[PDB]
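Trainee: Here is my input, please return the structure:
(chains A, B, C, D, E, F, G, H, I and J, ligands or ions: 5)
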Amino acid sequence: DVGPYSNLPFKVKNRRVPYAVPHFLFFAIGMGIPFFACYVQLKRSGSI
Amino acid sequence: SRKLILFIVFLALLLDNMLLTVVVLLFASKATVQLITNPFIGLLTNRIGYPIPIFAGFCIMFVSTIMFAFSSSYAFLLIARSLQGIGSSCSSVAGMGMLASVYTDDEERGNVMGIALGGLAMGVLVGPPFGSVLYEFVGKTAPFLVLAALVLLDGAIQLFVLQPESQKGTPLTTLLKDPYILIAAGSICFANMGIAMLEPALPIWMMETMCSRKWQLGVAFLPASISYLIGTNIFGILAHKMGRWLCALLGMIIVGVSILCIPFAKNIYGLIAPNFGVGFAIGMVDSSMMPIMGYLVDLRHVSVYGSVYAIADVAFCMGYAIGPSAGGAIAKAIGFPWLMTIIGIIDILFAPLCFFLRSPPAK
Amino acid sequence: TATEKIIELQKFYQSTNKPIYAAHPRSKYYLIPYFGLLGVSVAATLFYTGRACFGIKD
Amino acid sequence: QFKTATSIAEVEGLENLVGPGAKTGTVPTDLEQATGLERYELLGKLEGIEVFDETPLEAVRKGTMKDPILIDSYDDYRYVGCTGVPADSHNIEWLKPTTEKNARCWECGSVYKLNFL
Amino acid sequence: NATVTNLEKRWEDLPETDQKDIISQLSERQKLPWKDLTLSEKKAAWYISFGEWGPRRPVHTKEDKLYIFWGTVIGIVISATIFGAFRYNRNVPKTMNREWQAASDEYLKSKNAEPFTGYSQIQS
Amino acid sequence: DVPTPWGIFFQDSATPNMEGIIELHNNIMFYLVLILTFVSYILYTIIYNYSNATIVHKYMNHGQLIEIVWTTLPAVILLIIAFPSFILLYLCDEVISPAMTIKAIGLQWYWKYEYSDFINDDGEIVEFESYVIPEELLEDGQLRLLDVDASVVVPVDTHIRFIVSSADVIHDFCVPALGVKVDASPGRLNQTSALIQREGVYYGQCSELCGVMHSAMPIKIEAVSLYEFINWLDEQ
Amino acid sequence: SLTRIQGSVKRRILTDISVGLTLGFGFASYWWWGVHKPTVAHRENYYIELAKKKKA
Amino acid sequence: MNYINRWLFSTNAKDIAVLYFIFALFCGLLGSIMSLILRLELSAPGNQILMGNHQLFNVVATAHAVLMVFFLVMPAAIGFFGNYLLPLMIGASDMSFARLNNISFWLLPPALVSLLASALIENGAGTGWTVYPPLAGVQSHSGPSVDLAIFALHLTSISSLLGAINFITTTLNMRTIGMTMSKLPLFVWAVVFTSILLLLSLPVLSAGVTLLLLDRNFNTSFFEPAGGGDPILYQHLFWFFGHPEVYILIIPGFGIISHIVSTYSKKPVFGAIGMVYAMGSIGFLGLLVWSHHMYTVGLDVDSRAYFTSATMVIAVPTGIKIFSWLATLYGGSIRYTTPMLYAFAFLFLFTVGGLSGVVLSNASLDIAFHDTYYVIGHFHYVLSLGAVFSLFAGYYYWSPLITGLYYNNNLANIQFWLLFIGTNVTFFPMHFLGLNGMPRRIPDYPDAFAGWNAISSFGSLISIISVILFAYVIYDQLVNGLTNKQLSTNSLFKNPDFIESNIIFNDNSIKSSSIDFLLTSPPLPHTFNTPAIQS
Amino acid sequence: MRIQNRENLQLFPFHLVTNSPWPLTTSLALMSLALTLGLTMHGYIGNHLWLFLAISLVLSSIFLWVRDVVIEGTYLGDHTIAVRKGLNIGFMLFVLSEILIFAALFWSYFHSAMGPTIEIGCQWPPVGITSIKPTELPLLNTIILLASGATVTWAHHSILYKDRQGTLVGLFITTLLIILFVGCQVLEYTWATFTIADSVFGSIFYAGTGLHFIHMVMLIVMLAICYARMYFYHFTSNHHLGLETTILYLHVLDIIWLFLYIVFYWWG
Amino acid sequence: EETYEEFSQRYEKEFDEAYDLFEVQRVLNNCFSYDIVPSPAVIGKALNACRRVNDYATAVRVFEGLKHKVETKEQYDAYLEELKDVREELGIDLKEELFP
Ligand code: HEA
Ligand SMILES: NCCc1c[nH]c2ccc(O)cc12
Ligand code: CUA
Ligand SMILES: [Cu+2]
Ligand SMILES: [Zn+2]
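Mentor: Numbers count the residues shown, from 1 in each chain, chains lettered A, B, ... in the order given. Ligands and ions are numbered 1, 2, ... in the order given. Sure, structure below:
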């Protein structure tokens, strides 16, 4: 089944949920993790 | 200067093997001329002064190396080898003499001389050729030449621009009279002979049984090169504390043991370790015997130390002069393992002679 | 048979049609214990690295 | 798993490379225990045939369309590297001759053809 | 004449089976001695081989530099707006005032500071 | 001295060492600017002439003289630069007669100052501790995060030898105008020297990271005349 | 004649190396004679009034 | 079951590169956002976002350094571009040790959990990227946080060591029929040299860091001055690893650029053998100079001269390389595709970044520039503008050949200009701040340093918007990437020469000097069945 | 390449490994070990039975790797002249990496040896710290290690000349003569009067000596495996890559011990 | 290292043996890739080589390459005043006269 969509670990076409959702959640989680740590360590030392 | 003489001896040792290894009989001729010219330089050091023989060796190296590169004629190559030998003796003898001169204290001499004598391995590792056939080969030595000049700028600026009673004594016959003086020299010879006998012949045997290509032949000797520097640097310190005579005896012992262990190996992996042992033992003996000779001459003679180092240089260069080809000639009748066996047994038998230097005789 | 089953095993390990780490009838012993204990080890390090973020000690 | 081969003429696969067994009480040899692509090499090296060749491509003559350089391959294509007729003049160029076309080497002009085996 | 006249405006829209026909009709017509070829044939022979179609189009057209320029401007305006919004709502300490950065000047002038290029703490 | 709002260059110097540093920096920037202009001009030429060029020179690939020259020229540049650096390194130091000794211990988040001389028979060595004035307590016109309650005082035109050590962690004693930057290790004594040529106030800050209150441990030096020094010392 | 051209890239190489070095010295000899020396003169002249005032 | 046996229990060397890429994207996003968090607090004087907590500022700095030296550049430059491109270029089926490649990948996801958990279980690990002992002891940092950040530098070290062994062994005995070890392309030489540096430099870091761990939790007194120890020892044992690392990050970049400059300027590289010798010299001189990181600790006056002499000497090989790049670019034809723009930007930015190193190699001047944003401005030009640009160029160069899907030219150009502008506005004013005397690692500054710090918090918001646009560019590459090869002739690997007709060009389209661009659109899982031949 | 039916066998002499689950499992085991060890030393766990389980899982993973590495060479027969050379090169490159860690400890010893701090009296091994006499059990270990190094060469020459009883005896004697080294050096940690935390001498003496202990336990395990795999007829007279890999390791360990005896015991 | 009179012999003999269009374009591609402009004899052989293989665009693009290789305009006018018999005998028309 060699082809141009076959070497990637994820499915891109003929998919129930459109690919934009998995693509956006990846970057959202990646760019939102570092704010969670700051929130956690700010709420632990009294300051807001 | 102290730092200046350290740098000078380091570069003097470094350039010699750089010139030596590059290749486009001759070795024997150069070593023979080096043996012959040495006592004349030793005599010259007394009257002319130390810096002149050091300065001469540099121009001698330049003329010899130019002959090698620009000349393919046999006669010019022979002249280059002869001047290489003669000149080196100037550089080595004067460098060792003044290195002892500035470094007066007994303890510091060992560490300084170990740092200095580590330069021989650096020379062989740095360039198998130096200034070899293709232009990019002077695209490697160019960075290091700049560093050498730049450090010499430090030395010169310290001595010249800003802040950093000779005695006629010890005639050469008087030097030869001391048997104590002789002992170290003799050992020094033995070790040199051993590596030397090994150099031509070992590759030849490998060709016979190992079934190894030329790259294995070249790479066999790298562990010895690393071992020499490691052992010299460590035991230049350790010799004073543990007793210099004990270090000499032990090092001769490991020389013999490694020489016996070498033949039995039938694979390169067995070949690797004995080379390291040989390197450590030879570095041990060299670092042990070099400083001790000046101490001996100071205790039992006046402090004019030039010829003693001439005798030392004779001991080092006589082995490379004769013995490399002789070891191979002995082979093919004595065979591969018997030569190393006899060398190691000779080393073991000769080892107990180091005991006499343990307590310096009263004088 | 004799001490040389080296030849017989060879015909077994070729075309066994099952991965070479689970083809022998003894593979079970090595792996029913091992896989199971790794799960316990991995589930016992994630219960304490979340129980440490909340400040609960032992 | 089947009959054991005696030279590299009766080896039709991986089924003719098992061999007999050593006897109890002796260190076995390479000719009594060797199974896969190792015994194949061992059999090849005992009669003079090199199973795994290491001969770089021919660099004697150039190649035209009427008489091209023939390159053997068990596939429909093969990767070829060209450096010239005296063998180090042209810089390295890579070509893919196949069974429907010939490579031509934009610089020097040699033509390569694919021979199916 | 109609087939070859004005290939510069129609040629790229034709399929790949009507292209080989023109190439094959310009091959059995070029073998004849030249000067027997019409001008349109010469122009078409030049255009088919060395012309600004297919793999000789430019990397950038005249309408692409405008797109890139106005994209960069739009990407910079967003950053300017966000930094302004994060800039208005600041914690301004008591030292950042013009009436305070004048008294520091008197102190720094009583003890001569920066006799060379200059001293001044005023940035409002 | 004090930092200035839109700074671009060094602060005004008050020691010969800092003058030497400025001269050496301006001597190196010469050759660096020359090299940068060369490379930029070549890139401009390549963009201007050889953009979508019809002729490609695919046989100019070896060179033999130009490779000698881009290997030898940087070497001479390096040697020219290295000469003055070595002179400045070996020459400038406390060659003769240090005239005053100050021990500056760096505790966790404040400094402790001892004046090694000026000792009576009972051990009354003049000593004090320098803190940082918080923002809520600043007076009218005092600099924030740079003003200390007790300031080091020294005479002008006298060698000052600072001996630096530490008691908790690795600190750094720095005063940019005087050209002093030495470390404060937990188990060793370091030493630096300075000569001040004019009277004024000089501010500095710590360098090596030490924890929470790294951004507040300022250093402040005044250079008063000899008479004001005697008056100040006859009160402490 | 006019139909025999032999070497033209070498001359361009020489002219490009001979313009990128003059420009460099022009841009670096302005660093050391317009931005460095005047500062040194100004500093020295400031130090040679502060001793006259002390002398008085 | 086919899924697990092909993406979890993996043996193919080209299927670990894609996992490496997907991991590096995540670990770079984390680091860039941590940089944004730091750069918003240094915007105007006071305590703005992080309310008053000076811990949780050093934590962010340490995490930003660790996540983005050890988790982005190394995995992307050795994990993605090594494992995928070295076997194709030299002609090998796979790596010699496949299972070691699989473990070298899989040790990373465990190593990220340790670093993330070292920032949530207590006050954190605010020790700096360089963990000096007496601050990273038990008196200041008392918890399982420095300990867990030490364990993330052990697993990464194991992965790097195993990859280095695999590369050196695969390039020594696993080549094609007529490839001697002087016909190798430059990229393979770069990978080999960086692997040698990795072998000789990592054990020292392992020893130093484990000694620190033992001192913390077993009271062994290696670096405690009350039992006979010196903290300075740690510094030695760190920087022997410290300086080789900065070359391990840059040597893989250089080779990449060579390929680009040899493709879009249709000319072979000027003095390839000179290039290989120069990389050898740069690698070798990078082990003999480690103490220019510590001039203010109180070294001797004779060792300073050696370290100022031995640091300047590296200029000669790098200068040779820059000049050879200009020479190879000179006579040829230049076509401004998106890899070539990054190639041009690298040549100027790296030169500007490295010219500042010569000003810091001197011992006399380093009394004014140590622990200051001059050093930060120095190394971000050579790290952010030298290595990240190379990674972006390599992506834009080999992405079509791996995925088979093309990308939009205009959006890529927009991203390039945005990142250029942002990185130049963010890292240049640090030079002025450094010369005027602003120290490192401080959350709050005096009021003098306000103005420039308002300009440098403006470039971060341009660079991050460039990153978001890069995300969209990947999205539009994956979807509708098959129809994107006809928008611009950027898709062509090499345009037709002057006298080559288009008809002849279409039959013979690819002319290359390496195997990479002869392979199929996604290279086949088993790509070499019959061996390749050279002459 | 013109042998008759050549397409029925592979055209290149390299090993395409099958899919294996051991990398991921070893990664998980190390992850669990790291987290558990980082937590247990600061509270948060209490019980110590999780660390030991993690260590055991790591070791079991390595052993199950080696099972496949032996099956792929003695039963399937995928080890040609190329793959063997690659394995040897890799082992050398791993051994070099172990060697350059002892260099760090030696440099740590020489940095404190020359330049002792003011806090300790300026003297090596300081007052109140009695060193270990080098005319004692430290001298048995040198003799036993040299005898062991000499006894394994008789085992490699008894396989080349086709002797079975004559290779088992040598390997057994070598194992039983390295266990004696380990035992002597494990009854020497109980007859010393200076601990890890008494000075910098006692923190580095043990660091260098301690690493040697583990590297010798590895040798004991390897020699036992070599005996067990020879008793079951796995080794041919010209294809034996376990014996060479275990012989190159023993010699390096002996060379290292002769430096740990010259710099740690005599000098002081 | 080659002289002008060896270059202008090597490339004439090479143009006298091109047998397809690929070969004529190949030899023409690396003739205009040196530091020496081809002499009028070499271009004269090239035009005949194009006439045997039966291609017209190559014969017109040869004269367009000279406009870019030559440094100035007097040299370009000098070339066209010597290759005037060949153009009017074979039938080649310049690009400036076609306006394609
Ligand atoms: C990865 C990028 C990178 C690279 C490649 C290098 C390599 C070099 N680095 Fe390294 N460096 C870092 C990033 C990098 N560094 C980092 C991050 C640190 C530590 C920061 C920290 O600890 O906080 C560091 C450490 C560090 C320091 C310590 C500064 C301090 O005291 O804190 C210094 C200077 O002292 C320095 C300078 C150099 C130099 C001169 C090079 C040379 O390799 C560069 C040479 C380049 C040129 C010379 C270009 C030549 C161009 C030509 C046209 C030749 C012309 C010839 C001449 C100029 C004469 N680096
Ligand atoms: N005394 C020099 C012994 C020696 C040891 N290693 C060497 C290498 C090369 C050489 O020429 C000599 C040596
Ligand atoms: Cu505390 Cu700095
Ligand atoms: Cu550095
Ligand atoms: Zn060719």
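
Trainee: Got phi/psi on residue D:70?
Mentor: The phi/psi pair for residue D:70 (degrees, to the nearest 10) reads phi -100, psi 120.

Trainee: Give me the secondary structure label for the residue of chain J found nearest chain B.
Mentor: Each residue of chain J has a distance to chain B, by Cβ to the nearest Cβ, and the smallest belongs to residue J:1, at 16.4 Å. In this view, the C-beta of every residue, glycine as well, is placed from N, C-alpha and C. Of the three states, residue J:1 takes coil according to DSSP: H, G, I helix; E, B strand; the rest coil.

Trainee: residues contacting it?
Mentor: Neighbour list for residue J:1: empty [criterion: Cβ atoms under 8 Å, 6 or more residues apart in numbering or on different chains].

Trainee: what does residue A:38 give?
Mentor: Contact analysis of residue A:38 by Cβ under 8 Å, 6+ apart lists H:37, H:50, H:56, H:60.

Trainee: Ok, residue H:432 next?
Mentor: For residue H:432, the contacting residues are F:7, F:8, F:9, H:452, taking Cβ under 8 Å, 6+ apart as the criterion.

Trainee: near chain G, which residues of chain E?
Mentor: Chain E comes close to chain G at residues E:115, E:116, as judged by Cβ under 8 Å from any Cβ of the partner chain.

Trainee: Can you give the domain ranges for chain E?
Mentor: If the domains of chain E are taken from automatic domain parsing, they occupy E:11-56, E:62-110, with pieces of a single domain joined by a plus sign.

Trainee: Mean neighbour count added to those domains, as CSV?
Mentor: Conversion of the domains of chain E to CSV gives the following (neighbours: other Cβ atoms under 10 Å in any protein chain shown):
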stretch, mean neighbour count
domain E:11-56, 14
domain E:62-110, 14
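
Trainee: possible to save those as JSON lines with distance to chain A?
Mentor: JSON lines is the format used below for the domains of chain E (distance: least, Cβ to the nearest Cβ, whole Å):
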{"stretch": "domain E:11-56", "distance to chain A": "21"}
{"stretch": "domain E:62-110", "distance to chain A": "13"}
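
Trainee: Can you check which of those domains gets nearest to ligand 2?
Mentor: Smallest distance to ligand 2 across these (Cβ to the nearest ligand atom): 60.6 Å, for domain E:11-56.

Trainee: So that closest one, near chain H or not?
Mentor: Yes. Counting by Cβ under 8 Å from any Cβ, chain H has neighbours in domain E:11-56: E:23, E:48, E:49, E:50, E:51, E:53, E:54, E:55, E:56.

Trainee: Can you flag which of the residues you listed belong to strands?
Mentor: Among these, DSSP state E puts none in strands.

Trainee: Rebuild these as a markdown table, extending it with distance to ligand 3.
Mentor: Rendered in a markdown table, the data for those read as follows (distance: Cβ to the nearest ligand atom, whole Å):
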| residue | distance to ligand 3 |
| --- | --- |
| E:23 | 79 |
| E:48 | 76 |
| E:49 | 74 |
| E:50 | 71 |
| E:51 | 71 |
| E:53 | 69 |
| E:54 | 67 |
| E:55 | 63 |
| E:56 | 64 |
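
Trainee: For those residues, could you give me TSV that also reports distance to chain F?
Mentor: Written out in TSV, the entries for the residues of domain E:11-56 next to chain H read as follows (distance: Cβ to the nearest Cβ, whole Å):
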residue	distance to chain F
E:23	25
E:48	20
E:49	16
E:50	11
E:51	15
E:53	17
E:54	17
E:55	14
E:56	11
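
Trainee: ok, those residues vs residue I:166, which is closest?
Mentor: Each of the residues of domain E:11-56 next to chain H was scored against residue I:166 by Cβ to Cβ, and residue E:55 proved nearest at 74.5 Å.

Trainee: Can I get stretch H:216-233 as PDB, trimmed to CA atoms?
Mentor: What follows is stretch H:216-233, C-alpha atoms only, in PDB (Å, rounded to 0.1, in the frame of the first residue of the first chain):
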ATOM      1  CA  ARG H 216      22.900  16.000  47.800                       C
ATOM      2  CA  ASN H 217      21.400  12.800  49.100                       C
ATOM      3  CA  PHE H 218      24.200  10.800  50.700                       C
ATOM      4  CA  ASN H 219      26.400  13.600  52.300                       C
ATOM      5  CA  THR H 220      29.600  12.500  50.600                       C
ATOM      6  CA  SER H 221      31.300  16.000  50.600                       C
ATOM      7  CA  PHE H 222      32.700  16.200  47.100                       C
ATOM      8  CA  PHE H 223      31.900  19.900  46.700                       C
ATOM      9  CA  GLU H 224      31.600  20.900  50.300                       C
ATOM     10  CA  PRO H 225      34.400  23.200  51.600                       C
ATOM     11  CA  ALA H 226      34.000  21.900  55.200                       C
ATOM     12  CA  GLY H 227      35.400  18.500  54.300                       C
ATOM     13  CA  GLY H 228      38.100  19.500  51.900                       C
ATOM     14  CA  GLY H 229      36.200  20.000  48.600                       C
ATOM     15  CA  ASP H 230      36.000  22.800  46.100                       C
ATOM     16  CA  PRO H 231      32.900  23.800  44.100                       C
ATOM     17  CA  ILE H 232      35.100  24.900  41.200                       C
ATOM     18  CA  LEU H 233      35.800  21.200  40.400                       C
END
